[PDB]
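Let me begin by presenting the structure, written as structure tokens, before commenting on it.
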Amino acid sequence: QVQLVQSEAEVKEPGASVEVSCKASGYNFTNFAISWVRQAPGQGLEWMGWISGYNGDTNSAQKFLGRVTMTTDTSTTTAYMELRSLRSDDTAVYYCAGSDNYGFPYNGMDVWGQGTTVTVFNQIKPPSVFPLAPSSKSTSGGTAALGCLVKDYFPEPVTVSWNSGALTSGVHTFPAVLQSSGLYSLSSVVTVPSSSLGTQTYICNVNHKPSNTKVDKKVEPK
Amino acid sequence: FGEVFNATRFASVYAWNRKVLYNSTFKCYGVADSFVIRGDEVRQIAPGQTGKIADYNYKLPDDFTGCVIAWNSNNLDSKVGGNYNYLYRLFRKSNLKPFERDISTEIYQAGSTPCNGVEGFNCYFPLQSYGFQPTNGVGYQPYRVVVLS
Amino acid sequence: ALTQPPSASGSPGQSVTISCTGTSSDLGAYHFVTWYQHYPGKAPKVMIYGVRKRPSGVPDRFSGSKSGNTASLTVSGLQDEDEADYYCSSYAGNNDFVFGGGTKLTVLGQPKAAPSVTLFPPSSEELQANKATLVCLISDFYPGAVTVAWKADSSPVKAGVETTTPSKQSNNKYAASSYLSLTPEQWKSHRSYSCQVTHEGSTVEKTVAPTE
Ligand SMILES: *[C@@H]1O[C@H](CO)[C@@H](O)[C@H](O)[C@H]1NC(C)=O
Ligand SMILES: *[C@@H]1O[C@H](CO)[C@@H](O)[C@H](O)[C@H]1NC(C)=O
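Protein chains in written order, with PDB author numbering: chain H, 1 to 52, 52A, 53 to 82, 82A to 82C, 83 to 100, 100A to 100E, 101 to 213; chain A, 338 to 356, 367 to 370, 375 to 382, 397 to 514; chain L, 3 to 9, 11 to 27, 27A to 27C, 28 to 95, 95A, 96 to 106, 106A, 107 to 210.
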């Protein structure tokens, strides 16, 4: 039952504050309980708190205790959620949800907003490229995995090749992880014959245009 | 007294029953009513107390002259999957006056939408089952209560 | 938080049950268990409220129940429209809620595939830069949902862990990665570390040791 309308996406920087609006769209919040629920990238739903549009009873999750303020103006029938001193792990989609209830919505929330994306952006950061050396126990007949760790850069994207593109078979570049710091890290591994570990050179080529950085990392045996 | 204390089945607190044992709680006030509640809710079976049990289920007056008895019946009133046959009143539009009983099951209208006798998203069944389990913490285990008036 | 499996799955037509474990102060204490269907992008949708009740318009193939501190949601006759994330939630007793971590429900379009796991210790270069990172790579699993846990001498590590959401490979199987960030002193002060990947009830564990 999506019917509430929320404010446009927000782009903030660490330490700023954000306020999301949620307009009743035709209802009157005097008979509505309002909850706020966020979802950070790659995580689950997270209840932030609730306010009663009837009498103003408020409660906040212990995680956000002291950091969030929820208000309602039933004059305009608009709910508001302020989140202060944003961190990079506050980057999430924020939903307002409601229910026809003069007290706590014990069953949860019936009416939902469309969500409001709030991104706490980082400064551009060049990556650090480290070798993931193949096993010290690699012998001729076997296969060996070796790779490149591309750690703590911002923003996307990053391109990784191997031996300037000459090597394509057996390459697997894993999509990056958005860390709680707001920075990305990814890994790229190629599987090679172990017999080639002593005769063949393996070099990963990392390009990060936003920071105008290029790294060529030779990965040598342990 | 044997028909009460030594009874096989006990009543729920919302539907409590009316009818030298000193040799868990034998608190007397100024000096028989049967039901089962969890151990943490036994403190509400006293004059001048508030809470879901004291206000919605069993109310004692501040002028109470009697004795409140209780003992842990987890061994009797708990099933491993939960004993849902014992319930208490979660919702009520007012508190009970002393020694009043409420056995109604009208749907509690929590919002502007009328219920018309049907449970809904904001239309609550007013009774909440306990679901007593033998491995619950002792504060959550069932206690048989006998109040001598 | 409540506990949910990461992945529940079945073929079209089968029945799937997602369990959700709470405590005696939430799931055990109340009949306010609500299940939310979610597709990232759209808003959550109530499928079951109370414990077993269906809002109007929800197909009757959705059912719910609870026993002790464990609630459950069963979908009968699985259809492709049911593939989604599902969150259990409960009233927590003090005008609040507790959510589970979510469960991805997959309509199996191909047979299940257990994951391959490769674990890399920190490079000496990174330790020279006063940092340490264990790299855990998970590939070729289906359906695309896993749980990753890190341990240091049996002790669970929950600080410094970053795990991707699974992403589809060219062969329709899924890949993911997890990273554990340590200080060099932290890395050296334990005798072994392990990455544990749980997928559809089966676990793969890889271990690295600073002195081996
Ligand atoms: C909402 O209801 C309140 C209470 O009756 C009223 O004062 C207010 O003007 C109403 N607002 C709208 C937009 O209907
Ligand atoms: C309950 O039964 C026991 C033995 O059967 C007896 O000793 C005890 O007095 C009884 N309780 C009451 C209140 O009569």
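For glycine and all other residues, C-beta sits at the position ideal for the given N, C-alpha and C.
What separation, rounded to the nearest whole angstrom, lies between the Cα atoms of residue i and residue j?
i: residue 176 of chain L; j: residue 148 of chain L; result: 9 Å
i: residue 199 of chain H; j: residue 207 of chain H; result: 12 Å
i: residue 100 of chain H; j: residue 95 of chain L; result: 6 Å
i: residue 413 of chain A; j: residue 426 of chain A; result: 7 Å
i: residue 88 of chain L; j: residue 172 of chain L; result: 25 Å
i: residue 17 of chain H; j: residue 109 of chain H; result: 11 Å
i: residue 148 of chain H; j: residue 98 of chain H; result: 48 Å
i: residue 501 of chain A; j: residue 28 of chain L; result: 9 Å
i: residue 179 of chain H; j: residue 71 of chain H; result: 49 Å
i: residue 376 of chain A; j: residue 403 of chain A; result: 13 Å
i: residue 47 of chain H; j: residue 126 of chain H; result: 45 Å
i: residue 130 of chain L; j: residue 491 of chain A; result: 56 Å
i: residue 421 of chain A; j: residue 381 of chain A; result: 24 Å
i: residue 57 of chain L; j: residue 7 of chain L; result: 27 Å
i: residue 33 of chain H; j: residue 69 of chain H; result: 12 Å
i: residue 106 of chain H; j: residue 90 of chain H; result: 5 Å
i: residue 168 of chain H; j: residue 451 of chain A; result: 50 Å
i: residue 209 of chain H; j: residue 106A of chain L; result: 41 Å
i: residue 118 of chain L; j: residue 128 of chain L; result: 17 Å
i: residue 114 of chain H; j: residue 191 of chain L; result: 33 Å
Take the Cβ of residue i as the centre, count every other Cβ of all protein chains shown within 10 Å, and call the residue buried at 16 or more, exposed below.
i: residue 9 of chain H; result: exposed
i: residue 440 of chain A; result: exposed
i: residue 86 of chain L; result: buried
i: residue 99 of chain L; result: buried
i: residue 17 of chain L; result: exposed
i: residue 207 of chain L; result: exposed
i: residue 63 of chain H; result: buried
i: residue 514 of chain A; result: exposed
i: residue 368 of chain A; result: exposed
i: residue 406 of chain A; result: buried
i: residue 162 of chain L; result: buried
i: residue 432 of chain A; result: buried
i: residue 122 of chain H; result: buried
i: residue 151 of chain L; result: exposed
i: residue 392 of chain A; result: No coordinates exist for residue 392 of chain A in the structure shown, because the numbering of chain A passes directly from 382 to 397.
i: residue 508 of chain A; result: buried
Bridge partners for residue i per DSSP, in chain order?
i: residue 10 of chain H; result: H:109
i: residue 72 of chain L; result: L:22 and L:65
i: residue 81 of chain H; result: H:19 and H:68
i: residue 47 of chain H; result: H:37
i: residue 473 of chain A; result: A:489
i: residue 4 of chain H; result: H:104
i: residue 196 of chain H; result: H:152 and H:207
i: residue 139 of chain H; result: H:122 and H:179
i: residue 99 of chain L; result: L:4
i: residue 148 of chain L; result: L:155 and L:193
i: residue 85 of chain L; result: L:38 and L:103
i: residue 436 of chain A; result: A:509
i: residue 401 of chain A; result: A:349 and A:509
Among the options, which one has its Cα closest to the Cα of residue i?
i: residue 209 of chain L; options: L:14, L:56, L:4 and L:185; result: L:185
i: residue 510 of chain A; options: A:338, A:434 and A:349; result: A:434
i: residue 79 of chain H; options: H:12, H:21, H:97 and H:59; result: H:21
i: residue 144 of chain H; options: H:188, H:165, H:84 and H:118; result: H:118
i: residue 455 of chain A; options: L:201, L:30, L:72 and L:4; result: L:30
i: residue 52 of chain H; options: H:112, H:92 and H:156; result: H:92
i: residue 183 of chain H; options: H:130, H:150 and H:177; result: H:130
i: residue 45 of chain L; options: H:65, H:1, H:32 and H:126; result: H:1
i: residue 120 of chain L; options: H:101, H:38 and H:141; result: H:141
i: residue 172 of chain H; options: H:181, H:201, H:160 and H:86; result: H:86
i: residue 437 of chain A; options: A:504, A:512 and A:340; result: A:504
i: residue 343 of chain A; options: A:399, A:377, A:451 and A:462; result: A:399
i: residue 133 of chain L; options: L:20, L:204 and L:165; result: L:204
i: residue 187 of chain H; options: H:177, H:133 and H:146; result: H:133
i: residue 103 of chain H; options: H:191, H:15 and H:38; result: H:38
i: residue 88 of chain H; options: H:157, H:213, H:41 and H:169; result: H:41
i: residue 166 of chain L; options: L:139, L:13 and L:117; result: L:139
i: residue 125 of chain L; options: L:6, L:62 and L:181; result: L:181
i: residue 444 of chain A; options: L:74, L:83, L:78 and L:68; result: L:68
i: residue 154 of chain L; options: L:194, L:123 and L:135; result: L:194
i: residue 3 of chain L; options: L:91, L:118, L:92 and L:97; result: L:97
i: residue 94 of chain H; options: H:128, H:25 and H:151; result: H:25
Just checking residue i against ligand 4 - is the residue's beta carbon closer than 7 Å to any of the ligand's heavy atoms?
i: residue 74 of chain L; result: Although ligand 4 was asked about, the structure shown includes only ligand 1 and ligand 2 as ligands.
| task | Would you list the residues whose beta-carbon is nearer than 5 Å to any heavy atom of ligand 2, in the order they occur in the chain? | result | A:338, A:339, A:342 and A:343
| field | Around ligand 1, Cβ to any heavy atom closer than 7 Å, ordered along the chain | value | H:28, H:30, H:73, H:74, H:75 and H:76
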